[PDB]
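The data below hold one chain only, encoded as structure tokens and taken in the form deposited in one PDB entry.
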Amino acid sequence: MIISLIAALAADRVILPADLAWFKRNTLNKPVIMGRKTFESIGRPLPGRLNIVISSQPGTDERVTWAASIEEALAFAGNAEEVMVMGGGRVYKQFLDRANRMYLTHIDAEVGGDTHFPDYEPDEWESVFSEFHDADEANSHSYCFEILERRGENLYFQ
């Protein structure tokens, strides 16, 4: 199982219909993992996806799967090839070390707020996909879709 982070980042790692569409393309038909506040932000289960919500305060919405921990979350995702972790801030940080792939939307915007996507060391990651877009009528800012994979373990010894 590949564990993947997916997130939209403004300038300075701070956390557009095209991003949402990108989000959907990349999560549809997969298990999606999220914290409770993110689930509340969406306002609903995501159709066509196995919704796993991690929380110590499991809600009454039986349409989604409620997990108490990362381990139980990954267990519900079973033998999936790829599990999508979609926020929020704390959850990204809690999954980072296990993640081997990241889908990142780099939004060209400078916005305040003190909630950041985790510090990751760029050297430890490589880009396998990248796609820039200009701002248009529907999308207020330029933005860049990117997929990063964790560089494999260095196996060489002198």
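Take the two forms, find the largest set of C-alpha atoms that superpose within 1.5 Å, and that set is the rigid core. Numbers for residues come from their place in the sequence shown, where the first is 1.
Omitted here: the form deposited in another entry. The next part is about that form.
Here the two forms are overlaid on the core, and between the shown form and the other one the C-alpha of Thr27 is the only one among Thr38, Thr27, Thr105, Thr65 to shift by 2 Å or more. After superposition on the rigid core, the Cα of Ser142 moves by less than 2 Å between the shown form and the other one.
The Cα position of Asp114 differs by 2 Å or more between the shown form and the other one after fitting on the rigid core. Between this form and the other one, the CA-CA gap for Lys37 and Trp22 widens by 3 Å or more, being larger in the other entry. Wider separation of the C-alpha atoms of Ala21 and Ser55, by 3 angstroms or more, is seen in the other entry than in the present form.
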